[PDB]
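Given as structure tokens, the chain that follows is alone and in the form deposited in one PDB entry.
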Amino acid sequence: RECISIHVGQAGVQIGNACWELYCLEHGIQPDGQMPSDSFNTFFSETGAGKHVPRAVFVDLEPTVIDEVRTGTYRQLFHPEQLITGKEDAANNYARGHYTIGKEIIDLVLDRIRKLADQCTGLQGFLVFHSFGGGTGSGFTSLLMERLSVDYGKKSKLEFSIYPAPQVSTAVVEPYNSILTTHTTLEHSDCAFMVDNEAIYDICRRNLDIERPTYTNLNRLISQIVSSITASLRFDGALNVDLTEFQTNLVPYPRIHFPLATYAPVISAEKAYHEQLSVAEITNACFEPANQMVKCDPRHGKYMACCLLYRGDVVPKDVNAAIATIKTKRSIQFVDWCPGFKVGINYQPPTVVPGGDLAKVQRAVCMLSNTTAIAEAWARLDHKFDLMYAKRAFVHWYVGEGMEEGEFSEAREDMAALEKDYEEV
């Protein structure tokens, strides 16, 4: 029951580099695909020679980032035909990624995806990694998601998306690109996990004691969260066994499909002898706003679903007790129309990546919550959008690249309705 991962633009590719680095280590696969010693078969094909190959595609409209994959440590891991690059990027312009430049390569990308899908006996769907802020990550993702819905109508599609942060940004128009891609992808995505670059940046600073975090620092932390979320798909999973179950468990209504991820513990590798944290302690830390992947205050919101994904030395009764204690807290309010926490346990401890910044721990947890408080993050983007769009600042760049001006207000109205959806629930 295969899953195909698609990595779009710089952020998607570099996050993909860290995700597959980690996956390989979790499954005992070497950078050349060989394995010394199956559940991982959902994410890796096997050739006739014992070589295990990610079911993964990397796409970018310029070559420099994927060229590093093509020549680096993993130059023999991936299908070389699934590393796809154009020559000229989207210039931080959604319209270039979606309408003009992106259309030069979309058919090639879909034909290479089809090659992977034809290798599958029971394809479940796609995991799509991308930024909001760049032109490829926003516009080409939207185009790809539209095309995949037509070509693979019954297949699930999950996103891992980078929500923009001014302090780590490369374009003024990142709010435009974020709203444009969210508008066109909303109908085509079943579940999307956003990561706020400022939130992860501050976790690296505060918990890993790294004064100036790099993208590699951020991306290895993101990969731990991604791996927790997809562990059920790659191992004997009792919770979230297939992609369909993410919507079942996390998305009560198709549009409100943005769960908040929280991860604990995050401990610097320089503290190799830290006191081991208990199930209760790591579970409590999932409700502290500073461990969240997106900046928002879930105490200002309501929960519609909550999944707790444990990894390591975790006894179920200890989970049930930890949950009993936090259920009592007044600051955790569920909507009336929902049951409730769902729990999965994977009994292997998180894997430590050589070169990583994380200390080995005996237990960890990733909480996925669908909370109305994430609308605060939508409101922050919408406000910056409104300030610029009222003056039509930069709009001519998009209109000159195949987009009609009315798509801006259509996208913003869709966001207004999305915010309303959150208020109503």
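Residue numbers run from 1 along the displayed sequence. By rigid core we mean the largest C-alpha set that fits within 1.5 Å across both forms. Only residues modelled in both forms are compared.
*Asks:* From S37 on to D38, does the model leave out none, 1 to 3, 4 to 9, or 10 or more residues of the deposited sequence?
*Replies:* 4 to 9 residues lack coordinates between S37 and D38.
*Asks:* What number of residues from the deposited sequence go unmodelled in the gap from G355 to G356, classed as none, 1 to 3, 4 to 9, or 10 or more?
*Replies:* Unresolved stretch here: none.
*Asks:* Taking only the CA atoms, which stretch has the higher mean B-factor in the record, 376 to 384 or 28 to 36?
*Replies:* Mean CA B-factor is higher for 28 to 36.
*Asks:* So which stretch wins on mean C-alpha B-factor, 233 to 241 or 68 to 76?
*Replies:* Mean C-alpha B-factor is greater for 233 to 241.
*Asks:* In terms of recorded Cα temperature factor, pick the maximum from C306, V173, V314, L83.
*Replies:* Of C306, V173, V314, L83, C306 has the highest C-alpha B-factor.
*Asks:* In this PDB entry, which of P63, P54, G50, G400 has the top CA B-factor?
*Replies:* That would be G50.
*Asks:* What third of its chain's C-alpha B-factors does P289 belong to: lowest, middle or highest?
*Replies:* Its C-alpha B-factor belongs to the highest third of this chain's values.
*Asks:* Select lowest, middle or highest to describe the third in which the CA B-factor of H98 falls within its chain in this entry.
*Replies:* For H98, the deposited C-alpha B-factor lands in the lowest third.
*Asks:* Sorting the chain's modelled residues by C-alpha B-factor, tell me whether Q247 ends up in the lowest, middle or highest third.
*Replies:* Highest third of the chain for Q247's C-alpha B-factor.
*Asks:* Can you work out whether the C-alpha temperature factor of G137 puts it in the lowest, middle or highest third of the chain?
*Replies:* For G137, whose C-alpha B-factor we compare with every modelled residue in the chain, the answer is the lowest third.
*Asks:* By the recorded C-alpha temperature factor, relative to the other modelled residues in its chain, which third is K360 in?
*Replies:* Within its chain, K360 is a highest-third residue by C-alpha B-factor, going by the deposited values.
Keep in mind that the form deposited in another entry is not shown, yet the notes after this line are about it.
*Asks:* With the two forms aligned on the rigid core, which of the residues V241, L110, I332, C120 moves its CA by 2 Å or more between the shown form and the other one?
*Replies:* Result of the superposition: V241 is the only one at 2 Å or more.
*Asks:* Quick check on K271: with the core superposed, does its CA move 2 angstroms or more between the shown form and the other one?
*Replies:* Yes; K271 is a residue whose C-alpha shifts (by 2 Å or more) between the shown form and the other one when the cores are overlaid.
*Asks:* Since the C-alpha distance between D242 and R311 changes by 3 Å or more in the other entry, give its direction relative to the shown form: closer or farther.
*Replies:* Closer: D242 and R311 approach by 3 Å or more in the other entry.
*Asks:* Do the C-alpha atoms of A117 and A238 sit closer or farther apart in the other entry than they do here, given a shift of 3 Å or more?
*Replies:* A117 and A238 sit farther apart in the other entry.
*Asks:* What parts move between the shown form and the other one when you lay the two on the core: runs of 3+ residues, each CA off by 2 Å or more?
*Replies:* Those runs whose C-alphas all shift by 2 Å or more are 237 to 247, 269 to 272, 328 to 330.
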